[PDB]
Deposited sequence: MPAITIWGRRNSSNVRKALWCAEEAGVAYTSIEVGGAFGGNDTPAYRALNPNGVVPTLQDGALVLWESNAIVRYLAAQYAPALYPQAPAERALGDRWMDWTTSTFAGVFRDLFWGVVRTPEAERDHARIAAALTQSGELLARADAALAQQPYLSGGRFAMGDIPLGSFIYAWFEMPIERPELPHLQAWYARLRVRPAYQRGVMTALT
């Protein structure tokens, strides 16, 4: 069995982050879904943090994805932290109310507020993607991966989205990557 194992449900955005990164690197890996947080194991290493798992997999296995100059890495680095620190919480809330709770249980005012704030948060990324074609800068790299794994849910969710055309063209370019198709575009349950 491959040295790399990734535990976790494939319909989680955090696990998508890791599967997509694994796929981008081409390495042998096992994905275990037991019957949400990814657990990475690679030899003696055990990782529980999505973005740490990403940064590791790219630096260790896909150096095309890990910019070596600190100043260029920092461009996409900030969107990795921002995805966790600012976007994921409100969006996971939006996504729960819409895909996973029964209408009898939906706090609509809250969903409505999640949807509205999700949108204006994303407007910030949309503005950055009007300056460069990737969160990582001129070329795709690890920095695009955390928000890229959420933005699949954003666009394929049954919701009314505000017009964010740079964000959308970026998602269109993500969709042409096979690693993104196999790693991220899973059952949106």
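Colleague: Taking the deposited sequence as numbered from 1, list the residue ranges that were left without C-alpha coordinates.
Modeller: Deposited residues absent from the model fall in 36-53 alone.
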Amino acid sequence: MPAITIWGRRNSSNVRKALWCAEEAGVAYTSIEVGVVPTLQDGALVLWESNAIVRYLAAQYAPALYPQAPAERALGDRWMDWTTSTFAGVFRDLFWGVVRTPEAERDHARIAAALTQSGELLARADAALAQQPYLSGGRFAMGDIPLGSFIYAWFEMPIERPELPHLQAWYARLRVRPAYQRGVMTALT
From here on, numbers count along this sequence of modelled residues.
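Colleague: Averaged over C-alpha atoms, is the B-factor higher for 137-145 or for 65-73 in this PDB entry?
Modeller: Per the PDB record, 65-73.
Colleague: Taking only the CA atoms, which stretch has the higher mean B-factor in the record, 26-34 or 51-59?
Modeller: Going by the record's values, the stretch with the higher mean is 26-34.
Colleague: Quick check for you: using the entry's CA B-factors within this chain, is residue 118 in the lowest, middle or highest third?
Modeller: As the PDB entry reports it, the C-alpha B-factor of residue 118 lands in the middle third of its chain.
Colleague: Ranked by Cα temperature factor within the chain, is residue 153 in the lowest third, the middle third or the highest third?
Modeller: As the PDB entry reports it, the C-alpha B-factor of residue 153 lands in the lowest third of its chain.
Colleague: Sorting the chain's modelled residues by C-alpha B-factor, tell me whether residue 44 ends up in the lowest, middle or highest third.
Modeller: Its C-alpha B-factor, which the entry lists for residue 44, ranks in the highest third among residues of this chain.
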